[PDB]
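Enquirer: Got a structure for you, questions after.
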Amino acid sequence: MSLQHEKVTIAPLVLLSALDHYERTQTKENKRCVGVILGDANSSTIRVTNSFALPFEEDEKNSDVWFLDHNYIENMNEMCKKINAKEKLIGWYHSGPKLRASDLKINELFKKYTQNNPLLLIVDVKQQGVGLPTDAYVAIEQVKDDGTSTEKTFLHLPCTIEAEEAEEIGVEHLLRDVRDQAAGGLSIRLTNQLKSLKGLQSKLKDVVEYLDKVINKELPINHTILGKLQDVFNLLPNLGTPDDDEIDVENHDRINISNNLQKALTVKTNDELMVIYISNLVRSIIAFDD
Amino acid sequence: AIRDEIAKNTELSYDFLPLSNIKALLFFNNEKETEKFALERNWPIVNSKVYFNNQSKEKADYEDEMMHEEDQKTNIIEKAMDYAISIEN
């Protein structure tokens with residue numbers, strides 16, 4: 001067991017593999033599919049290559065009662081090496097829609113397998129979100145400074161992708177959309193700007209009702225969020241500084257280059273005005289002769 | 001009319017005039033008469049000295065108030081938005 005954790009990069013294969021696995025067990029309709037999740041671990045970024053289904057039963061009146069075939073997994077791992085001998089156990093995926101409080105007990109059982117603290121990778125099977133439709137958590141046990149005992153609790157790790165040469169080209173090979181959520185032409189990036197601005201608007205709004213809910217829905221004082229909230233205020237911009245004036249002087253600069261680049265285009269288009277007219281001049285004679 | 005024109009000019013021209021000096025520019029022979037025009041022309045003479053900087057503020061404020069105002073100032077954002085749609089049109 002390593003605590004070596006910072007990030008989670010996710011193969012596109014995992015997301016998709018887990019989406020089908022959910023519907024082919026047919027534990028769906030508010031019934032969970034839980035499988036093993038395979039990849040590299042013992043490094044800061046946890047690198048998730050593959051996933052398999054596990055036979056699983058979910059009591060839906062009580063999510064605190066489930067079936068897990070422990071034997072099977074040992075059987076499966078031998079097969080994982082055939083595929084790739086860097087695949088080892090690193091956790092188990094959950095099928096969303098989000099984190100639950102029945103997940104800690106399931107996490108327990110998954111400590112007899114992993115050499116790293118069992119990963120919980122929430123693969124949303126509905127595709128909600130404003131980034132990748134994945135959240136990542138890992139269970140870490142830590143004292144709480146409020147006065148209560150040692151809990152095991154899920155801290156989020158960011159979600160990310162990285163991919164192999166074969167996988168990445170396969171992605172484009174399947175796909176055929178030119179994509180307004182990545183860069184491209186001018187119009188394509190204009191779509192990204194408006195979204196990013198609205199993305200700040202959506203997320204800042206979420207903090208306003210979270211501060212209110214601690215004192216008007218009686219959520220607890222969570223020190224870990226609010227310390228980060230304070231460092232936003234320290235790094236926040238100001239006004240009337242010579243720093244903020246230098247910005248204006250740099251606005252002048254770059255727009256002037258654009259001004260001259262635009263004017264440069266216009267020279268070129270006025271020559272094509274003139275060339276077509278040379279094309280017009282010839283066509284006059286031919287018209288007279290016929 | 002000559003009085004009004006001068007009263008348009010004096011805002012930029014000075015910031016302080018003593019009351020004997022205001023009288024001189026506005027072609028008054030009576031110091032009382034100067035004080036009487038100031039009420040009507042909205043000049044604040046306080047302790048026998050005028051404050052053109054205040055008057056300037058009020059008139060500027062009125063000009064900011066009216067709808068002209070996005071492209072009167074011309075926003076940093078607004079400039080680039082113009083450029084953007086032209087190249088794609």
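Numbering starts fresh at 1 for the residues of each chain in the structure tokens, the chains themselves are lettered A, B, ... in the order given, and ligands are numbered from 1 as they appear.
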From a DSSP pass on the backbone, collect the residues of segment 37-124 of chain A flagged as alpha helix (DSSP H) and hand them back as an NGL selection string.

Expert: :A and (70-83 or 103-109)

Enquirer: Write the residues you've just listed into a file as a compact mmCIF listing (two decimals), in the first residue's frame, and include N, CA and C atoms for each of them.

Expert:
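See selection-v6.txt below for the written result:
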```txt
# COMPACT_ATOMS: atom_id res chain seq x y z
N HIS A 70 -14.92 -12.81 -4.72
CA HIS A 70 -13.54 -12.54 -4.39
C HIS A 70 -12.61 -13.47 -5.14
N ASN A 71 -12.98 -14.74 -5.19
CA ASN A 71 -12.23 -15.74 -5.91
C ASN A 71 -11.95 -15.31 -7.34
N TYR A 72 -12.99 -14.85 -8.02
CA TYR A 72 -12.93 -14.58 -9.45
C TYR A 72 -11.79 -13.65 -9.78
N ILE A 73 -11.56 -12.68 -8.92
CA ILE A 73 -10.64 -11.61 -9.26
C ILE A 73 -9.26 -12.17 -9.45
N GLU A 74 -8.87 -13.05 -8.54
CA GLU A 74 -7.59 -13.73 -8.63
C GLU A 74 -7.49 -14.48 -9.93
N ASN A 75 -8.58 -15.06 -10.34
CA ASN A 75 -8.60 -15.72 -11.62
C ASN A 75 -8.36 -14.71 -12.73
N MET A 76 -9.03 -13.56 -12.65
CA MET A 76 -8.99 -12.57 -13.71
C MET A 76 -7.60 -11.97 -13.89
N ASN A 77 -6.88 -11.75 -12.79
CA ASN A 77 -5.60 -11.04 -12.84
C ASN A 77 -4.59 -11.81 -13.67
N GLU A 78 -4.66 -13.13 -13.63
CA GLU A 78 -3.78 -13.96 -14.43
C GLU A 78 -3.99 -13.72 -15.90
N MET A 79 -5.22 -13.40 -16.26
CA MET A 79 -5.57 -13.10 -17.63
C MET A 79 -5.19 -11.68 -18.00
N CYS A 80 -5.05 -10.82 -17.00
CA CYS A 80 -4.71 -9.44 -17.30
C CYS A 80 -3.27 -9.32 -17.74
N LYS A 81 -2.41 -10.19 -17.21
CA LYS A 81 -1.01 -10.18 -17.58
C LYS A 81 -0.81 -10.60 -19.02
N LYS A 82 -1.63 -11.55 -19.48
CA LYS A 82 -1.55 -11.96 -20.87
C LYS A 82 -1.71 -10.76 -21.78
N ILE A 83 -2.72 -9.95 -21.50
CA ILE A 83 -2.98 -8.73 -22.25
C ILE A 83 -1.77 -7.81 -22.20
N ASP A 103 -20.02 3.48 -0.34
CA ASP A 103 -18.80 3.13 -1.07
C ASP A 103 -17.63 2.78 -0.16
N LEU A 104 -17.65 3.20 1.10
CA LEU A 104 -16.52 2.94 1.97
C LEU A 104 -16.43 1.47 2.34
N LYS A 105 -17.57 0.80 2.43
CA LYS A 105 -17.57 -0.58 2.86
C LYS A 105 -17.13 -1.48 1.74
N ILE A 106 -17.48 -1.09 0.52
CA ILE A 106 -17.03 -1.79 -0.67
C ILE A 106 -15.53 -1.61 -0.84
N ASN A 107 -15.04 -0.42 -0.49
CA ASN A 107 -13.63 -0.10 -0.57
C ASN A 107 -12.80 -1.01 0.33
N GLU A 108 -13.36 -1.36 1.48
CA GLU A 108 -12.67 -2.22 2.42
C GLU A 108 -12.18 -3.47 1.73
N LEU A 109 -13.12 -4.18 1.11
CA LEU A 109 -12.86 -5.50 0.57
C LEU A 109 -11.76 -5.44 -0.48
```

Enquirer: Could you list, as a ChimeraX atom specification, the residues of chain A having an atom within 9 Å of chain B when counting only C-alpha atoms?

Expert: /A:186-187,190,251,255

Enquirer: Please compute the atom CA of residue 47 of chain B-atom CA of residue 19 of chain B distance, one decimal, in Å.

Expert: 9.2 Å

Enquirer: Among segment 8-241 of chain A, which residues carry a DSSP assignment of strand (DSSP E or B), reported as a ChimeraX atom specification?

Expert: /A:8-10,35-40,45-53,56-58,66-68,88-94,116,119-123,134-142,151-157,159-160

Enquirer: Store the residues picked out above, limited to C-alpha atoms, as a short mmCIF file (atom, residue, chain, number, x, y, z; two decimals), in the first residue's frame.

Expert:
```cif
data_model
loop_
_atom_site.label_atom_id
_atom_site.label_comp_id
_atom_site.auth_asym_id
_atom_site.auth_seq_id
_atom_site.Cartn_x
_atom_site.Cartn_y
_atom_site.Cartn_z
CA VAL A 8 -5.70 10.33 -12.43
CA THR A 9 -5.11 10.08 -16.16
CA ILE A 10 -7.67 7.97 -17.92
CA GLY A 35 -15.98 -3.96 -11.49
CA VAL A 36 -12.27 -4.05 -11.01
CA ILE A 37 -10.12 -1.32 -12.50
CA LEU A 38 -6.74 -2.10 -13.96
CA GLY A 39 -3.63 -0.08 -14.62
CA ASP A 40 -0.37 1.26 -13.23
CA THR A 45 -0.40 10.11 -11.58
CA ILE A 46 -2.40 6.91 -11.44
CA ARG A 47 -2.57 5.58 -15.00
CA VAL A 48 -5.71 3.62 -15.76
CA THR A 49 -5.55 1.43 -18.86
CA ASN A 50 -8.42 -1.05 -18.64
CA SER A 51 -11.37 -2.32 -16.62
CA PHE A 52 -13.32 -5.55 -16.32
CA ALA A 53 -16.70 -6.46 -14.96
CA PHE A 56 -22.04 -8.09 -8.51
CA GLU A 57 -25.41 -7.89 -6.87
CA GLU A 58 -26.81 -4.73 -5.38
CA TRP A 66 -23.84 -6.50 -1.86
CA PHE A 67 -22.30 -9.53 -3.57
CA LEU A 68 -18.68 -9.61 -4.65
CA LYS A 88 -2.20 -4.97 -12.00
CA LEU A 89 -5.07 -4.29 -9.63
CA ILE A 90 -5.52 -0.63 -8.80
CA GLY A 91 -9.10 -0.20 -7.65
CA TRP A 92 -12.68 -0.53 -8.80
CA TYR A 93 -14.90 1.72 -10.87
CA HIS A 94 -18.27 3.02 -9.78
CA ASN A 116 -1.97 1.22 -3.75
CA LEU A 119 -9.09 3.84 -6.48
CA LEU A 120 -12.69 4.87 -6.88
CA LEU A 121 -13.11 6.12 -10.43
CA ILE A 122 -16.63 7.40 -10.95
CA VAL A 123 -17.44 6.76 -14.60
CA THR A 134 -15.44 11.49 -14.65
CA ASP A 135 -14.68 12.32 -11.07
CA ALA A 136 -11.91 10.60 -9.20
CA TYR A 137 -11.65 9.91 -5.51
CA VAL A 138 -9.31 7.93 -3.35
CA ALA A 139 -9.90 6.81 0.20
CA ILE A 140 -7.44 8.22 2.69
CA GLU A 141 -7.61 7.86 6.45
CA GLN A 142 -6.75 10.98 8.36
CA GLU A 151 -12.26 8.81 9.75
CA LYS A 152 -11.66 7.23 6.38
CA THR A 153 -12.82 9.74 3.81
CA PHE A 154 -12.67 10.22 0.08
CA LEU A 155 -10.50 13.05 -1.22
CA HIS A 156 -10.92 14.02 -4.86
CA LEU A 157 -8.11 13.69 -7.38
CA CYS A 159 -9.54 13.82 -13.86
CA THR A 160 -7.40 13.88 -16.92
#
```

Enquirer: Segment 191-196 of chain A: which residues within 8 Å, counting only C-alpha atoms, same-chain residues fewer than 6 positions away excluded, as a list in words?

Expert: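 Within the cut-off, the hits are residues 180, 181, 182 and 183 of chain A.
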
Enquirer: What's the separation between atom CA of residue 22 of chain A and atom CA of residue 96 of chain A, in Å to one decimal place?

Expert: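 Computing the Euclidean distance for atom CA of residue 22 of chain A and atom CA of residue 96 of chain A yields 10.7 Å.
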
Enquirer: Of the candidates A:11, A:1, A:208, A:33, which shows the shortest atom-to-atom distance to residue 59 of chain A, using only C-alpha atoms?

Expert: A:33
